[PDB]
Ligand SMILES: NC(=O)c1ccc[n+]([C@@H]2O[C@H](COP(=O)([O-])OP(=O)(O)OC[C@H]3O[C@@H](n4cnc5c(N)ncnc54)[C@H](O)[C@@H]3O)[C@@H](O)[C@H]2O)c1
Ligand SMILES: NC(=O)c1ccc[n+]([C@@H]2O[C@H](COP(=O)([O-])OP(=O)(O)OC[C@H]3O[C@@H](n4cnc5c(N)ncnc54)[C@H](O)[C@@H]3O)[C@@H](O)[C@H]2O)c1
Ligand SMILES: NC(=O)c1ccc[n+]([C@@H]2O[C@H](COP(=O)([O-])OP(=O)(O)OC[C@H]3O[C@@H](n4cnc5c(N)ncnc54)[C@H](O)[C@@H]3O)[C@@H](O)[C@H]2O)c1
């Protein structure tokens, strides 16, 4: 399969977990991949492994909450490549705190900061590059963007906000030929609130979120925009 | 590129339009295809064109509202092939009638009968075959399953019913390894094929809101169906995927 | 409180359960109530109890799946009263069957027949009366109109269909001044578990009065800018 | 009608517009009302008009983006009253910017800051008082929390975030007897003047803008025992917009 053949793909949070798996899967589908993470060492380790397999890949440190660093990366991509075919906003954090605890404030600030504000930073900064290539954006949402589930308030809200960001980015960028979608994973390999309701009675394998991301990023989804696709084993239908 | 390699796919309403395109697209992805349509001659003409191109396909008449005929087809499939890998419930009709008109009743009965009751008939009858193969089901939902849009009451309700049917079939069939999903298209080009049936202004409800400002190509609805029916969707069930140019997000 | 002062309210399935409670609550809010049920003896018993309490009520047998009987009632209402201020489609049934069982077909036909086809029959037939009064409609949906929960396929589908019916009725009847809404209850005190209780935020079954109050609200001028809407009354179930 | 009889109700952004009208409508339903607004003179002016009509009300200046100011108010309410029966998070702002413009950043920050971060600030600070009274919360969401409509990105996102906040606050505060809900207005007469209207009007089935009192009534309903089995819920008050 070559669903992303010769496409330039940027994946944030690519040092481990789903982001690294999405980076590897995009390369397997023919993409050249830019892997970025707050842990630059991890991003470069993942990129060097792809390179060692004959893929075209590079890795860099990037804190998505640093608007100056995001702008620098955006200028760099535009200057070296002239555009960006796919942006995957995968960088995220979570936390543990009930709403009625003082701990909820610091957890809220941290999670909102990365999951929502960082996704806005990278999304807004990469618009010129996405315009030049008529690329598309895939956000990492969550089933927590539709129900509260068992995640902390900052996480639920950040993912509900990403759901809305998908819609309004799609609206504003559609005139420029840019599609914007999201996946909403349930629990993926990377607990009661999810297992009671997941129809498949199993957590997802990382490859099973990779394939829907690649689909949405590909011409198979060329009439799909503003859409959040559950990848959740039936969780939200239960 | 063979997402459905050697898989047996049954498509209803496959004699024309989107159903025929889903059938061809499945074959191009490696599937053996059973095409059925109320017009059996049309289903056979579509199947024969696939056979001439080297694919493996067959066509039959099927009235999805006839439970006896649906059961006969299911028994035939189980007996001849031992199972069914993909069911696509595409057969469907629409209509024009406002809720306050007497005409709304005949339209409602007809549309509910084909779109919802037919989809239930075919889905329920093929469960044994789907269990044997651990196959999956893709329903044809609609943007009208989420909002009223411009469609007649029977159509809106049939597609909202299909959305719920997706969820409860997914729940009850998950222990048998059967995924159940749906696509929710806006207007695609096959629905514009007959000119005299395109009333002036008739697509404004959709065109005024769709973000891409165009009717979808028929192949752009085929590809998401194939995706949902494939192992790329192996962790997706109970899910209804809009394929609508951004209509429902607007 | 007189949220439905002098309004005429028709409640289907009012012989017992939520329909009888909605009928009583509507009368308490000032309404004249027509109570109908396939069990006409129960409908008349509920109506006569309301009459004995000093309210204005009447009861009749009605099978909502019988289009001829539904039309006769709609004609009687238009002739005797000139219009209808509120229609509450509450009549409903349920059943038990998994989708892969042969029994699912009989359950499907029975449940679709009352819950969806019956609601269509009554809704469509009462449009002339609703237009004359600029009345409104409240359907009984369910949390099962949004997720599969633990209900049988025919029930789940019937309630998702009611959700859509709410939307397209609202669209077509808005130009005539008719609002159309629905409540989506969780599990209520009635003929009626873990699938719900593990998820309900309030960790209890709803009281019947707690579905009556939202129905009265939607039927009242408090909801004069609300149409096409389905209001969960579910202790938080759908938000969990 | 006394749906909120003797209940203490705090309304943010109550200096004008919907917040002022919710404050007045709550007082009409028997509530004692605390009105707060970044313009404290306006909040006190609205409170004094209610006091003149025989209701019990007070006004204060409050910037909902100032966490120390919010904490002081929460302390004052808890100390003086021992609890809070209703919190209405109404304070909000909007703005004009498309996502691909540089102006979208400053609009985003400003709108997120009031609409989402302020609603969080007030909601989290008032939890002790809400616990002591088993009060409830009504957020001001929007049809924009469900579809993109015509609003700027920061507004759409802030209201979808409010939608999710309703759900997770309801989950965490249900053990303490606190319901949390929201209304989702469409276009209402007020700052329908810095958006212009046709994105809402094309889809609004009633083909009219909602009157202010038609949003007040559903807010009062959700804040009252009529909604005692309703939590985590976002109620559209939109003329049919989201059903179209
Ligand atoms: N794993 C799941 O079950 C699941 C479910 C739903 C959604 N998601 C979403 O998938 C995405 C990835 O999840 P994961 O399980 O791989 O998480 P993970 O914590 O394993 O990986 C997150 C990655 O993002 C990076 N990161 C954190 N903060 C950053 C910042 N400021 N700038 C740049 N990079 C940063 C981390 O270094 C890490 O490499 C997240 O957005 C998460 O919310 C995951
Ligand atoms: N009780 C709950 O937990 C709950 C939850 C969600 C939704 N609902 C819905 O609320 C409505 C009332 O439920 P309930 O619990 O009071 O049920 P119930 O069975 O106690 O009452 C239903 C009433 O409808 C009548 N009825 C049945 N078939 C009829 C027909 N063909 N014509 C006329 N009347 C008929 C019955 O005789 C009965 O009086 C139903 O639509 C139900 O689906 C109930
Ligand atoms: N989305 C929609 O369709 C829609 C339409 C109208 C109103 N609304 C919502 O209703 C609410 C009220 O709207 P409105 O039309 O009355 O707005 P408005 O501009 O008329 O009034 C808003 C009030 O909030 C106050 N305020 C602003 N920033 C503040 C801060 N940092 N701290 C405290 N107070 C502050 C202002 O002083 C003002 O009095 C808002 O949340 C708004 O988003 C939504």
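Note that each Cβ is placed from the backbone with ideal geometry, even for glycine, and that neighbours are counted across all protein chains shown. Every read-out reported here was derived from the displayed coordinates using simple, explicitly stated rules and does not represent laboratory data.
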Discussion item. Show me the ranking of peptides C:137-143, C:61-67, B:2-8, D:164-170 by mean Cβ neighbours inside 10 Å, starting with the highest.
Written reply: D:164-170, C:137-143, C:61-67, B:2-8
Item to complete: Would you mind giving the three semi-axes, in whole Å and largest first, of the ellipsoid equivalent to chain D according to its Cα gyration tensor?
Response: 27, 19, 18
Worksheet entry | Prolate/oblate/rounded label for region A:146-238 (Cα gyration tensor, a/c 1.5) | oblate
Item to complete: Consider just the alpha-carbon atoms of the protein assembly as shown and return their Rg together with their Dmax, both in angstrom.
Response: 27.6, 88
Practice prompt. Sort all Cα-Cα distances of region C:134-186 into consecutive 5 angstrom bins from zero, then give the percent of pairs in each bin up to the one containing the longest distance.
Written response: 5, 23, 28, 18, 13, 8, 4, 1
Response to the item:
Across C:68-75, the residue-averaged tally of Cβ atoms belonging to other chains within 10 Å stands at 0
Worksheet, complete the sentence: Over all Cα pairs of region C:87-208, the Kirkwood radius sets Rh, and Rg/Rh then becomes 1.01
Worksheet, complete the sentence: In nm, the gap between the two label points placed 7 Å beyond Cα toward Cβ at residue A:195 and residue B:53 is 4.8
Item to complete: Give the calculated FRET efficiency between residue B:81 and residue C:76 to the nearest 0.05, with a Förster radius of 60 Å applied to their Cβ-Cβ distance.
Response: 0.60
Item to complete: Among B:99, B:146, B:55, determine the one that fluctuates most according to a GNM of chain B built with springs between C-alpha atoms less than 10 Å apart.
Response: B:99
Worksheet item: What value, in deg cm²/dmol to 500, does the helix sum -39500 (n - 2.57) over DSSP H runs of n ≥ 4 give at 222 nm once divided by the residues of chain D?
Response: -12500 deg cm²/dmol
